[PDB]
Amino acid sequence: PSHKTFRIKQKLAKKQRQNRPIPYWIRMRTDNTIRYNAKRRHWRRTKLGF
Amino acid sequence: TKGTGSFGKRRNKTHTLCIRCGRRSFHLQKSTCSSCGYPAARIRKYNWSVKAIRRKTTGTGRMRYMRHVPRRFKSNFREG
Amino acid sequence: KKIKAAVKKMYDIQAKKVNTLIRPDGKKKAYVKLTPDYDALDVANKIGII
Amino acid sequence: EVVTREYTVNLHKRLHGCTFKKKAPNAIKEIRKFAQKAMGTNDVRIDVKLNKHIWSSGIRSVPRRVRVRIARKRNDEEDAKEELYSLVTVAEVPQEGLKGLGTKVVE
Amino acid sequence: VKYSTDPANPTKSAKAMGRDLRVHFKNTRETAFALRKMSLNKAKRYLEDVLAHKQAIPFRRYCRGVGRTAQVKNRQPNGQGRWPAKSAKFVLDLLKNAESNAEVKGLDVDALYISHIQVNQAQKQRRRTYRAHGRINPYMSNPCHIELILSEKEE
RNA sequence: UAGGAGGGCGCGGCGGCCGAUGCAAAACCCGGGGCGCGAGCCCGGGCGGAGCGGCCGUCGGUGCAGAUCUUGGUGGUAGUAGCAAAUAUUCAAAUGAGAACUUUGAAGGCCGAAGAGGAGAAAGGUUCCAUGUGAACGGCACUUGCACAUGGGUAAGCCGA
RNA sequence: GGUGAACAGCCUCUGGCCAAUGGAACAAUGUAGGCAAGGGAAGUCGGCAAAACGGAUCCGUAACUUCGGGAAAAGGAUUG
RNA sequence: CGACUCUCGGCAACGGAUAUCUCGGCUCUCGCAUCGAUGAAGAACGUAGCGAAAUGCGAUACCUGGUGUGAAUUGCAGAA
Ligand SMILES: [Mg+2]
Ligand SMILES: [Mg+2]
Ligand SMILES: [Mg+2]
Ligand SMILES: [Mg+2]
Ligand SMILES: [Mg+2]
Ligand SMILES: [Mg+2]
Ligand SMILES: [Mg+2]
Ligand SMILES: [Mg+2]
Ligand SMILES: [Mg+2]
Ligand SMILES: [Mg+2]
Ligand SMILES: [Mg+2]
Ligand SMILES: [Mg+2]
Ligand SMILES: [Mg+2]
Ligand SMILES: [Mg+2]
Ligand SMILES: [Mg+2]
Ligand SMILES: [Mg+2]
Ligand SMILES: [Mg+2]
Ligand SMILES: [Mg+2]
Ligand SMILES: [Mg+2]
Ligand SMILES: [Mg+2]
Ligand SMILES: [Mg+2]
Ligand SMILES: [Mg+2]
Ligand SMILES: [Mg+2]
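- The name given to chain E in the PDB entry is 60S ribosomal protein uL22, with the source organism recorded as Triticum aestivum.
- Per the PDB record, the entry is named "Wheat 80S ribosome pausing on AUG-Stop with cycloheximide".
- UniProt, in the comment section headed Sequence similarities (unreviewed entry), describes chain E in these words: "Belongs to the universal ribosomal protein uL22 family."

- The name given to chain B in the PDB entry is 60S ribosomal protein eL37, and the organism recorded there is Triticum aestivum.
- Turning to chain B, the UniProt annotation filed under Sequence similarities (unreviewed entry) states: "Belongs to the eukaryotic ribosomal protein eL37 family."
- Under the UniProt heading Function (unreviewed entry), the note attached to chain B is "Component of the large ribosomal subunit. The ribosome is a large ribonucleoprotein complex responsible for the synthesis of proteins in the cell."

Here's the deal with the packing of helix α1 (residues 25-35) of chain E against helix α3 (residues 85-105) of chain E
Residues and elements named next belong to chain E.
Part 1 of the argument: For the pair α1 and α3, interaxial distance at closest approach is 9 Å and the crossing angle is 55°. In terms of orientation, α1 lies oblique with respect to α3. Every pair of crossing elements has a handedness; the one defined by α1 and α3 is right-handed. Contacts from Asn27, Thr28, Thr31 and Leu35 in α1 reach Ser87, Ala88, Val91 and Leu95 in α3.

A word on the protein's contact with RNA strand F
Part 1 of the argument: The full set close to RNA strand F counts 52 residues, and A:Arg40, A:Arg41, D:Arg32, D:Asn51 and E:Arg64 are the nearest of them.
Part 2 of the argument: Counting only atoms of RNA strand F within 4 Å of the protein, the fraction found in sugar and phosphate groups is 68%.
Part 3 of the argument: In the model, a phosphate oxygen of RNA strand F is placed 2.5 Å from a nitrogen or oxygen of the C:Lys29 side chain.
Part 4 of the argument: One of the side-chain N or O atoms of C:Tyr31 is found 2.7 Å from a phosphate oxygen in RNA strand F.
Part 5 of the argument: Elements supplying a minimum of two residues to the surface near RNA strand F: α1 (6-17) of chain A, β1 (15-22) and β2 (28-34) of chain C, α1 (20-39), β2 (44-46) and α2 (48-54) of chain D together with α1 of chain E.
Part 6 of the argument: Counting residues per element, the surface near RNA strand F draws most heavily on α1(D), at four residues.
Part 7 of the argument: Looking at the surface near RNA strand F residue by residue, the class counts come to 18 nonpolar, 15 polar and 19 charged.

Criteria and cut-off values
- Residues numbered from 1 in each chain as written, not as in the entry; some residues may be left out.
- Chains lettered and ligands numbered in written order.
- Part of a larger assembly, values for the part shown.
- Heavy atoms only, no water.
- UniProt positions renumbered as here; feature names shortened; annotations may be inferred.
- Axes fitted to C-alpha atoms, helices over the stretch in contact; angles between N-to-C directions.
- Helix = DSSP H or I, 4+ residues; strand = E, 2+ residues; numbered from the N terminus.
- Parallel < 35°, antiparallel > 145°, perpendicular 65-115°, else oblique.
- Left-handed = near helix turned anticlockwise from the far one by under 90°.
- Contact = heavy atoms within 4.5 Å.
- Near = heavy atom within 4 Å.
- Polar contact = N/O pair within 3.5 Å; in protein donor to acceptor, adjacent residues only side chain to side chain.
- Nonpolar A, V, L, I, M, F, W, Y, C, P; charged D, E, K, R; others polar.

What follows is the structure, given as structure tokens:
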């Protein structure tokens, strides 16, 4: 909706930031296991359910 | 008909985010959260699903205050 | 109200009008329009933007 | 070799029996194949005026005989598959019509 | 990095490889089986002439359903063949890369020939297609490794 | 055959005994040589690169070809079925490694205004806009994209709550 | 916008598109659409499917009837 | 001779079984008793020079302060 409540706007703000590739310098960091962001979300595939 | 023709009319939200638990389980028409039991005084919890109990028992969150209680027991609640 | 009151205490200026929106990223962004006694270029050079 | 020649393409026979939604596209394909048989040139460019002419009467009724002029000329592009290609353009018709008019060679 | 078959003479043979090429394994196999033991120049003529849809690659092993042509009578009498253009265009690239390798080594690129050509399966890639009655089935590719060695022919 | 018993073979521990091992252990592969009727065992060669075996006592989550067995992989089917509604595309030029699919122009057409137009409610949540692109995706293709990456954008005393 | 009783169908203007993978061929069997000599339901469980009638003006309009209908009965003529 | 099929070996693939491990599990045993209206458990949102998660923290926000140890952090830069 274009008329979204502030709660939903605030909580859709965070799921914006939650969707970015890992910083490249995470991969070179010692004793690391992070291979990619295994929690990405695409808007056509996974609906946030709210 | 039932099925494909009828799944197109899912348009209105029966459940929305509860404020006590943040789950999408707040039945608006009935005004009660369907997981934490809000707005009941006590949290909805049942012994017929220990799996559901462990998902929200103590220790799954920050424990912003109880994490320090063992340290304060050690040395027996001292303040100078 | 607080945005004007604060832009007055800093910068030794005053705002003729202020508009606020909440960006999608979460932060609030405010447009502060100055009275024509004060020049935005001079203020922005005295803070350093351009 | 440079050479320009005026042809009369009996385009009714070549397009007999074709599907309506394809008679004009196959008219274009037959103009290309006629230029290819005419001067053995792989690269044939049909001028936009010839396309406009063929496509003037819709997609399902095309001109029946078309008086075209095909010009075999050099490809001066430094990169080129063939040294020489053919440019087919629509040709002026004398007021006499197409009666008694065979293939000509334009100076 | 070592090929299935070692060259007859290692210093006077060039070699080229590709892994996980997104082309049909069966089509490229049928290409390679026509290109084995050919001269390099004749292989380039032949294969570019295949991609030009003027000479046909016989299909023998993976052939059931392949329609017939007259273009392949000289080498498969019942005339069952196709013109796999993507396969041909991928194999051309390795033939050129091995020509380049042989040029760098210093061989007679006029006297090179297909001493050993091998296509082999690779890790399949997964896609999904949707069928009647709410069922899905996998829709997967068959990428291949293509592995070839040119050697200089000798009397 | 159903069944019962005896003697053995084999897997993994524990208490003991005898050993092997970076001059190559375990595992696995072999048109290699043998032993036993047989379960199985011993040796040879290769890969392997750090552990392992034998004997006595004893213990056990101990032996697979089936259970429309469970998990994972792979085949034949098979380059086969197929990709067919919504009339329709055609020509130059530009870009590009590469053009039936991109962009410009030209021509032919369709929607025909209870539309394939212009905007909204719910719903979605950044899909909007720009620049770039290795892969993946867009059931052909792509220089392209609702894809991937980096940035930007939503201003209210009067429109709503 | 035109025809038309008409927000029917058909065609065009503003706006939007040519997006549904393409090349060659026109074999059988298909899916969708047609047309057929003479006959006219003989086909088949069955006129299933298709064809036929169809707008308008003028005339005419039966049995039965709850006296309201049947009725756009049926049957004819005309149309640029 | 050759293609196709069956088959044997060598080599190459696909696949990840086995072999050796293991900051994890399970099981048993022991010591203690310490949440919350002085706002708990849970949830949400923020927070780092370069961070999305997890770990941490709360507009003093991957930390402030005392004490202890005594020369680092670390993927890059930097002030030191
Ligand atoms: Mg309803
Ligand atoms: Mg309801
Ligand atoms: Mg506002
Ligand atoms: Mg479905
Ligand atoms: Mg068992
Ligand atoms: Mg077993
Ligand atoms: Mg088994
Ligand atoms: Mg059995
Ligand atoms: Mg087929
Ligand atoms: Mg179909
Ligand atoms: Mg209306
Ligand atoms: Mg619309
Ligand atoms: Mg866009
Ligand atoms: Mg594709
Ligand atoms: Mg009228
Ligand atoms: Mg109308
Ligand atoms: Mg008839
Ligand atoms: Mg009958
Ligand atoms: Mg009968
Ligand atoms: Mg009968
Ligand atoms: Mg009967
Ligand atoms: Mg009927
Ligand atoms: Mg009656």
